[PDB]
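The structure under discussion appears below in the form of structure tokens.
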Amino acid sequence: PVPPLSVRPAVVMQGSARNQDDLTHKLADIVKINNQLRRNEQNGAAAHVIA
Amino acid sequence: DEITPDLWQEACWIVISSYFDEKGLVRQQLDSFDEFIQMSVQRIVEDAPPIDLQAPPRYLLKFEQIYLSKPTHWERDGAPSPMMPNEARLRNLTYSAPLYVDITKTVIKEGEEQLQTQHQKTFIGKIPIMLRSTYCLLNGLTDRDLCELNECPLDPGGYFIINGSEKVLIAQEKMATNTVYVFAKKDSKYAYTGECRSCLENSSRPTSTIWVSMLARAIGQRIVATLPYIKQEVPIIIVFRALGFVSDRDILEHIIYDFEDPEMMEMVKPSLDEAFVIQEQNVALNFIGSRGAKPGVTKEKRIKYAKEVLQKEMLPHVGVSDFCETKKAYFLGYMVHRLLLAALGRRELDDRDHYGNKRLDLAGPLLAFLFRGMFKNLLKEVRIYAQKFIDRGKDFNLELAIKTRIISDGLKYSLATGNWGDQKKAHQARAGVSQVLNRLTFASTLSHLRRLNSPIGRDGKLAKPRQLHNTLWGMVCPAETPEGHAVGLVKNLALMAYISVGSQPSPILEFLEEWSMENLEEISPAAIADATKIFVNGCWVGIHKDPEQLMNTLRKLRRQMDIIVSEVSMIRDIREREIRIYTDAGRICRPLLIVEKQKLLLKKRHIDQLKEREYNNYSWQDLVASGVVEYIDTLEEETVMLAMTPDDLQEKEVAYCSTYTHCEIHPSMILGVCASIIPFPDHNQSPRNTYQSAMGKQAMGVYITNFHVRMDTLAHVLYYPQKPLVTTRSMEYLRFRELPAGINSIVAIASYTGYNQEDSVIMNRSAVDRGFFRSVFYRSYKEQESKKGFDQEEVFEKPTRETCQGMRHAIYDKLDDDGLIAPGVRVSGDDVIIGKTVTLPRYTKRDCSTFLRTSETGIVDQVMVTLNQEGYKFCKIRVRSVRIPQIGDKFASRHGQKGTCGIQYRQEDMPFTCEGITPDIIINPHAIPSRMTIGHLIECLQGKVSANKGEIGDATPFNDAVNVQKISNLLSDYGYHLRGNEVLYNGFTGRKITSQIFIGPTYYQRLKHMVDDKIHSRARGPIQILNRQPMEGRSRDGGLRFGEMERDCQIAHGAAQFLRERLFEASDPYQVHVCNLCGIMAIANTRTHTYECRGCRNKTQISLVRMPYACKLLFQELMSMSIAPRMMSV
Amino acid sequence: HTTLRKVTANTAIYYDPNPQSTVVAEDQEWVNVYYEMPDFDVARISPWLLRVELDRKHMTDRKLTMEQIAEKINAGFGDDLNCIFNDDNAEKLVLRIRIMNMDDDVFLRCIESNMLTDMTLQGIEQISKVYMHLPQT
Amino acid sequence: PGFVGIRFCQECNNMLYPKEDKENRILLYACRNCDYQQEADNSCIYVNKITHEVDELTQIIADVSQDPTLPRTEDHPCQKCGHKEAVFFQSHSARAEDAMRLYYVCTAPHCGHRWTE
Amino acid sequence: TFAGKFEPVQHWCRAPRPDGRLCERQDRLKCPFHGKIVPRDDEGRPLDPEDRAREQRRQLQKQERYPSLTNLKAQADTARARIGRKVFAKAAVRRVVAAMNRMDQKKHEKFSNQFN
Amino acid sequence: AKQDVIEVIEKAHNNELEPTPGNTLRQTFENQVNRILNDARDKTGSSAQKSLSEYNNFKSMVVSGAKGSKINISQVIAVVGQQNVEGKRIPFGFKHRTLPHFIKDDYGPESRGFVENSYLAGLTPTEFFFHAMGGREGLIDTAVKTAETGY
Amino acid sequence: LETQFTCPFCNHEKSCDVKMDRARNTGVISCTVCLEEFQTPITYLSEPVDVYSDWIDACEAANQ
RNA sequence: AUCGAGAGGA
Ligand SMILES: [Zn+2]
Ligand SMILES: [Zn+2]
Ligand SMILES: [Zn+2]
Ligand SMILES: [Zn+2]
Ligand SMILES: [Zn+2]
């Protein structure tokens, strides 16, 4: 479960740079490795690489 | 010849004056930084190994010599100019000098085709410079020259300017190195464990710690050594075997110096039995090699690993060269020997809190730790950059290889933030080093520059490191310590305390081999029995046969300023036959007068030469060179017999000691900077002295003479500072007379109308009208317009209603065309002082103006415009606000008697004496008895005498020529009641008060804590983004926290609706829509009135639920964790 | 609680091949008093002797006679560990426990340790100290 | 009784451990490392002084008389040499923590006699 | 320091030995050889007739009361093996170390005036 | 009080002092000295109390119960008394010494932290340091008990 | 100190198990994969790292 | 604005 935006607000900063919340960054990490792992398990990948 | 008692009391102070004419108060900071720049940087650069890189051609890249120029600033054009510290403060620059290193890179390919190319002065980095240090532009300048650069002559220096911010390095306590310490942990598997943090004197490496423990209770004691880089413990006898001492006799020769002792022998025996299996060096080296390098390693390599650990990693201070194992064996056997004495109780466990056992890590050694790490990282980058070019075979330019940002930005970052370590390791780094210099008042600045810190951790609730240890005497102020969560962990130097800067032991060692000393590899162990060991910086270097005349010779060398420098400690433990000589840095010591048979070496000839100190250039340092004064460290005080005063040397009816060796210059030098302000501190309860030592740092005054040019964020200046009428002789060196932080007030201690009860004061409104304790508050606002990119640029310019989007309704008419308010303009709360507009991606520019901090109401003192380091416009605006004392402002005497102003009465309303003197302040008598601040009363009486006599009173702590009787007799000579009482008349009715009131001059302080900076109120202001609750702080217009204990109190009251109001209605009221079936928050569309749960696929059973927003947030964060908090409404 | 260590003055291990001719000179009386009468065979006895010197006053303080101590030793270890002892009249309160049926010089030490620490002559274990007094309140 | 010291082999210089010879029924001191043997002259293998009746005079050394921080007295002359002054101090060690007993040392150089009242 | 101490033993065991002599052992309560000491006259008869009858009854009761291969049970059953099984018991050693730890705690306590 | 403490110190030095039940000889000597010096402090306090008039304002605030106690009056007028660290006299933080101004093994009242002066008389430098040690104990207690009581 | 070791013969990680028969003062290291076995004397101070050490040494010595 | 740090107040 991805939480909504209010649990992880993207606070705006003195300029226009929108700083994201720690949860958003972490979901970025989970998403990237999930997508990358998905393409490996879908394809041929070493069992230790999949592990 | 002899100084008689009648002259002593100024002979001594003359001596003290000379000390402070030579050293000052921040001498430790400047000496540490000077040693770091003169030595430590060069040592670190040379101690780095040459980086040999080859694919073929090879390059070594020696670094051989350093050059630190003066601090200069390069503009955008790049012309170097000398940058002055005030320019750095104003422009937010870093007061740093460039470090250049000579590099030698020799090409060696084949056929003796060798050629060296030397790059002289290769810019390696930028070193921030401590002010008034030897390499500072303010060095050696006269008071003229400093003023003529806009510098205060009274400014002590001792701090850095990083990005315009004044940063002070706090000395860090640490537990001394290369010394064996035996402790016993009550709750552990060891009865006894000895340790040595060995560290080679030249800082080639960090300290490596060796532990030699004692296994807990055949079942006999077993001794193991925890060597560095070895995974598992090792029995000590196998370590000894690994050093080539195979026979059990040879091992015990090193461990036990006297074989006749049965009891040592039997104790050691279990370890011999435990290592009986391994009988020869190669197996021992095997055994050690197995633990460590890899599970599978060839035997030859395992042996090489064990060797390498033993000669390098184990006990580096003993030696790192080859063929030292006799030295290593003796020192290791000495550690075991110490463990045995502790285990047998012949010798006491070492004390962790003894400052003889502790070292203070000052600015120099701390910057050396940083420089070591940063120069290592820099060399690594040079290697990598060169390596890729050599891999492709092309030549590499060294200037391109050296990215100087590592040294520069590392030092700048660590001094700017205080996180002491690499920027990446921001959590392993230890903060609190390098704090922002306190510039509230001059005393706060001095104390902050003399601040020490014990990094035990404030969370720790063990009182032992917080206790005032006996050994702090003369080294650390007994009184000055924060009374909060760090009590006794943050300390302050005593006035004459000097932290040793460090020195080379080679002259001493060379001399020792002249004299009757014998090396350790050169003796037979049988000689160690009645001989005396000699340690130098922890390192057992040899033995001696007559320690007494050795100590006489060494002492009398050091007193001559011969090969032994003054800061070298030389302790003879007599009962145990050690002579421990220390030259390292961080040893806190203090000066003391040497004593002959029963006689000071300080004669009247020395006092005479000191009196004309400004003519014949006879200084302190000649006093030291004459063998009359000596610096004694904490560890050497254990062997010293101190006379408190020369009266102790005097032959008495029953002699106490009759064999003194040293004398105090004056006992009042046990106090620090802030405690040396207290008059008669020996007539107060000690907590009161501590509270004053804290509150003198919040007292207003003139924090520095050049305050007109400083753009400090906050500054308080008292209109009419006065020097105290009653003073101590130490303040002459704290420069309190020259930058005082209070006013002499006519204090009456009386109960008058009840408005001074419970630590409160009644002030004279008329005196306040005449400028009494009036101050000016300066507040500086920064701003800079950033052109970071063409996407968006800021600019200072008077905004307009037609182009700017985020324009508040406040008027911008006070700004000029340039967007900056002008000096002399009166500005109220929420007003604009800088009009800054940022271009958008109410069109094409948005308002980002700087407002005043709300509810201030000052006048713009001045406006400075310049360019910052990168070089855009940068503005500083100082606003000025006159603070007239009022009800709620905090005031304090010098005795811990603090209190807010309860009310102000006019002169006709205040009580008056027969001669119409009204008190400036009335304090309640109930503040005296429990507090036992008799120093307050004695100061009031002495001040009455001083004001009537035209003096300044002498309130120096331990002065038998001043007591209450003699002051009272003096006061009775001026037509006053001898005890300081007077008949007062009621101001309201004019009737005499039946009690005669105690009234007189007392030095009071106006503290930074004014009520107008504390008053705050809220009614539906801004809220926090994450949880829709009131903000935090006055500055944020925040709400006050109704915490758990207030909830608990209101539960006990039974006030359920008030509790709901505070915790629901007045904080974060909210509504959610909940599916009645699954109890999960549904989707509501109130505009179209459609309400549905995607889970249950229903749109008819939805309920409204009134809950706090924080609770909705909690339930959502619980679903984020796959928890289903289902709000069932049935 | 009183262990044998609390009342013991000093322990030692000797190599006494003969009980008849003991290593120590002052213990020759009662030993030969013990041995001529064959209650306990000389052949069974081991060469290795355990001699413990009790101090008088600690024995008196707990009102403890060597009889009680020897009974406790012979109860904890049965007949496997012979103990003998003199009367409570000699200037030195001594008793000899040489074993009678890892070498015996090592074994007897393990025995000695275990006796001194965790053999309970009197009292209740894990009651270390007791103070008697009159309450004024 | 007195303590027993460790004795070392004369071939490998390792400690000699006890053992018993049944066919002379005599104590021997033999090395586990080599195969050296000795006949004991002690007959005692282990000694534990639980009481710890240690004469702390043996632990004192005459050099302590040079300590400026120790108290001196003229009231206890030396029985060795007749020197008039003497330093005194307490036991200050484990198992001497009980009993504040004073030990005296003669301050005459090269006499260094030590005693107790 | 109440700790009252005395060493009177006037009574002797006086029990008849097989060699014809009376026991001369000054045990307080028990002779190890003849059990409880009872008062006896110059020829060793207990003075109390009931004690004499009890002693006589006790004496009467006391008077009333592949082979060629090596036996492994011999090693298991002997005095030395029994003492070894007891002393080297997991429970037994723990108590030893616990008491020795108190002994070490005393060593730690015996520097009182200092900070440690 | 000092001259009695000297009496006790010689008895202990000459082994003329025997322990009381339930205490070691060190602890009995310490008891016996502390109870000499507390008798001294109480007696001097009594003297100061009886010296007060009913015009005295210290007394006025102590009878009313408004502020202060009789022990405060004793410390201001008579004697500040024994400074304790961790419930014991000042510890030997040097080698067998409380300060480098004393001889080794000095269990006298001065050496171990008895302030024989009042706050009006003023403390001597050693008394000042020992009093600062005791007050530091109070400050540490106040600053360390709060977390653990609040929990 | 790891107890499972890479076999010098088949290079299979953590495939070697070590058995310390203290009663006979012998350590036996056996690879589960290639079934290579080695026996060395051990002492009470010995560890599986020491047995694997003796095995590597025996291999290198025998391979000379 | 957020985070962290530090210094302070009761
Ligand atoms: Zn639903
Ligand atoms: Zn041998
Ligand atoms: Zn003599
Ligand atoms: Zn009998
Ligand atoms: Zn294999």
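Naming: A, B, ... by sequence-line order, numbering from 1 per chain.
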Parallel, tilted or perpendicular: ring planes of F707(B) versus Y778(B), cut at 30 and 60 degrees: tilted

Rounded distance (Å) that lies between atom P of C3(H) and atom NE2 of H427(B): 19 Å

Length of the line joining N453(B):CG and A7(H):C1', which is rounded to integer Å: 12 Å

Any side-chain donor near an acceptor of the partner, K876(B) and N92(B), under 3.5 Å: yes

Sugar-phosphate only, base, or nothing, as touched by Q14(A) at under 4.0 Å among non-hydrogen atoms: nothing

Nearest-neighbour nucleotide for the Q435(B) side chain, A1(H), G6(H), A10(H) considered: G6(H)

Protein-nucleotide distance (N419(B), atom CG; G4(H), atom P), rounded to Å: 13 Å

Nucleotide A5(H), atom P - distance to CD1 of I170(B) in whole Å: 18 Å

Modelled atom types, side-chain donor and acceptor of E794(B) and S786(B), under 3.5 Å: yes

Sugar-phosphate, base or nothing in reach of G418(B), heavy atoms under 4.0 Å: nothing

Sugar-phosphate only, base, or nothing, as touched by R1036(B) at under 4.0 Å among non-hydrogen atoms: sugar-phosphate

Side chain proximity check, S1067(B) to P1108(B), heavy atoms < 4.5 angstrom: no

Whole-Å distance separating the CE atom of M695(B) from the P atom of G8(H): 14 Å

Aromatic ring pairing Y1004(B)/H936(B), orientation class (parallel under 30°, perpendicular over 60°, tilted between): perpendicular

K890(B) side chain near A10(H) phosphate (N/O to OP1/OP2, under 4.0 Å): yes

Residue whose closest nucleotide on RNA chain H lies nearer the 5' end, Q1024(B) versus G484(B): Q1024(B)

Shortest side-chain distance from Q698(B), nucleotide among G9(H), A5(H), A10(H): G9(H)

Whole-Å gap separating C1' (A5(H)) and CD (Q423(B)): 14 Å

Touch class at under 4.0 angstrom, heavy-atom based, for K167(B) against every strand present: nothing

Touch class at under 4.0 angstrom, heavy-atom based, for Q20(A) against every strand present: nothing

Rounded distance in Å - CG (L449(B)) to P (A7(H)): 15 Å

Upstream residue (5' side of RNA chain H) when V436(B) and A694(B) are each assigned their closest nucleotide: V436(B)

Touch class at under 4.0 angstrom, heavy-atom based, for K697(B) against every strand present: nothing

Selection from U2(H), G8(H), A10(H) that lies nearest to any side-chain heavy atom of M1031(B): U2(H)

Between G6(H) (P) and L415(B) (CG): distance, integer Å: 16 Å

